[PDB]
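Here you'll find one protein chain in two forms, each presented separately as structure tokens under the names structure 1 and structure 2.
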Structure 1
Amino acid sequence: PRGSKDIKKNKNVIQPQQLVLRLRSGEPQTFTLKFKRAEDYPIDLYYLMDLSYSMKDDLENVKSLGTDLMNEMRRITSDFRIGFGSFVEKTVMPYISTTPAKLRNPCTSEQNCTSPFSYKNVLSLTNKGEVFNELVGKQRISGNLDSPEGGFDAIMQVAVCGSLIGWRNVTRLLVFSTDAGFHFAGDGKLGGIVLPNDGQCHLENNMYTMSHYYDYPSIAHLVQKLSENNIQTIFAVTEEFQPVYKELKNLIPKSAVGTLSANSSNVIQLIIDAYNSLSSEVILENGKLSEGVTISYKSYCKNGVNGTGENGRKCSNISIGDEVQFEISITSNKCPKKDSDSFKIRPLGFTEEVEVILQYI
């Protein structure tokens, strides 16, 4: 007597999906399992736009970029979340004209402008793009005094305010728009602010309230929080301030600097490139195994990289269009029961799964 193997039903891209194994004591039976990833990646994006008075010349570019970004998110992936916020600067004396007349409209007297605000989360992350187009169109400019703008407070709050913004366990992106330079820690001493930024979420009614109480955050602080929360920043800055943000790009890992203009191809291309470079890991699990039965795994990762033992269960690099092959061997030391049994082997975090039927002679 000897063992045998056969596949009940098979599907083309988890290539095998239903097979029956006629095991025997001391005779391992080995079968192949081929996997190819096809599910599109899920993505989250939060668009942070400056609104100081220097954005008057560039507001149309920002709005058109927002709509084009939403269109690309719809086109490239079936799963996406999108939201946006805004900022100008801390609300304290050296940075804003504090006279009572200019609190109403820091822009010119003829124009109408909203009063300044450190940061305002206009729209938490959501899966519907129609509201994103409708709500972005209603934004209006706001005034400020000094040329640099306090964006780093906004980036800090967006990074750390997890639940309110709506971040989930998924690849994250953050597009940053600005026509001018940036403040950073140590600038607050001019306005009598000395406490360093603690990094906690101080959002009340979708607005940053402790701007007057905490100094700006240093670049190291920002880098630490961004790395902890796994956010890839893309600076959609104006052509004028390209050099300073290019120098900043070196300090912050996993980021890129685009160009803000009526034509918005550059930042869109960076978004597409960031999406294409994503990769996952495949880990194979299995249901509870009956006594007197043993299993083993082999992995054939890309570039001919191969592993066995525990490493046979895992492949730490995979992308769309890539495939891996697994060799699984099943051995039994006896025949616990004449009646067959069914066990499930599926990869972690996926719906597709394999069913194997074990028979003992």
Structure 2
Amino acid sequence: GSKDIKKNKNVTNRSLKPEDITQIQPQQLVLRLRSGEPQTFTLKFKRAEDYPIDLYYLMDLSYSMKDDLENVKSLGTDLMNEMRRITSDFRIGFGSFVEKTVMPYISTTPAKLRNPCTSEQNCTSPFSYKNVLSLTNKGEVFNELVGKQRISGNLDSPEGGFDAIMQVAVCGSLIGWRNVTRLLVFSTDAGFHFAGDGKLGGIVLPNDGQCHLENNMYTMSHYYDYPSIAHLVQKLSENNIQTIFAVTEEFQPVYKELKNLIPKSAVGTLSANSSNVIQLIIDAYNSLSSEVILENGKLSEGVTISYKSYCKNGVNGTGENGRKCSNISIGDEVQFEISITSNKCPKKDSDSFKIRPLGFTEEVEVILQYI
């Protein structure tokens, strides 16, 4: 076979616009496979100096987390002040979730339907998911809105926040997502509801993964079942959303395993009444942005791919880790060795697939030409 690089726009050098910043050296190339003989090429990755950020804070407002909501009224400005050191562009948003509004999960008596908690506490009626504030670059509005939020109450310890994650990920323009680093913070202190638990409430339709927000409120919470982790992983990967789990110490292992399952996400240890959320977020972002994961899209049948990693400090990994290069710092070049194998001659004369680092819109186009 052979190969030829078409565009190969030079990656941005050491110190503009999120779309004008390049982080993959080769862009488009053609591989002329020769059946058994495979073809290989190399692509350079270089972390950008400063890249915009979009953070969406999704918090649990059950009766538990009552104290946490009292120590978040200053997060809007504090996080922005502590984040300017990292990027010159930043936007923040807020959102809350409690539970599906059906019988087995929430008491249906009117007295408990208006005030789910005890008479001493003045709670609000339960809701599935509310988009308090779309992404914005002003922290004063964040503080003002989050200050007046009211806690809610429920019945069962686990909370139905997975559907909230789905609505956040798929709604797009309503949430104001941009084509920059998308961060999602998921704050809770209890387990989670996934597909199959809606059968106890008479809900059997699987989640369809669509934006069902009317007046910043998630309707249809009674119609569709909770989303399975596979669906959440698929949608998060498709939307390039990186998740941070800020959960208490009691439920640490569950979310550790969850983050093991989900790609490009981190788990923190929220403490006290959300005292150290800012440092947790910064640490999680630093940990996430210092790794690169390469993935391909729907490789054609009869074609198999292989990844090789040329990391920093002389460590050269292979195997399934060939697509993973950890410990990359700011402006630290990294190279990958990619080889494509084609063990047949598919009728498709030329089928192309894209290799894309997780969490970035930058793509390298690979065009195959069998024979």
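By convention here, residues take numbers in order along the sequence of structure 1, the first being 1. By rigid core we mean the largest C-alpha set that fits within 1.5 Å across both forms.
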Listed 107, 274, 193, 92; moving between structure 1 and structure 2 by 2 Å or more at the CA after core fit is just 274
Answer yes if the Cα of residue 289 shifts by 2 angstroms or more between structure 1 and structure 2 on a rigid-core superposition, and no otherwise. yes
Residue 264 C-alpha shift between structure 1 and structure 2 of 2 Å or more, rigid core reference:
yes
- Take the rigid core as the frame of reference and indicate whether the C-alpha of residue 73 shifts by 2 Å or more between structure 1 and structure 2. yes
With the core held fixed, residue 321 moves its Cα between structure 1 and structure 2 by a number of Å equal to 4.3
For residue 129, the CA shift between structure 1 and structure 2 after fitting the core, in Å, is 1.1
Using a rigid core superposition, the C-alpha offset of residue 202 between structure 1 and structure 2 in Å is 0.3
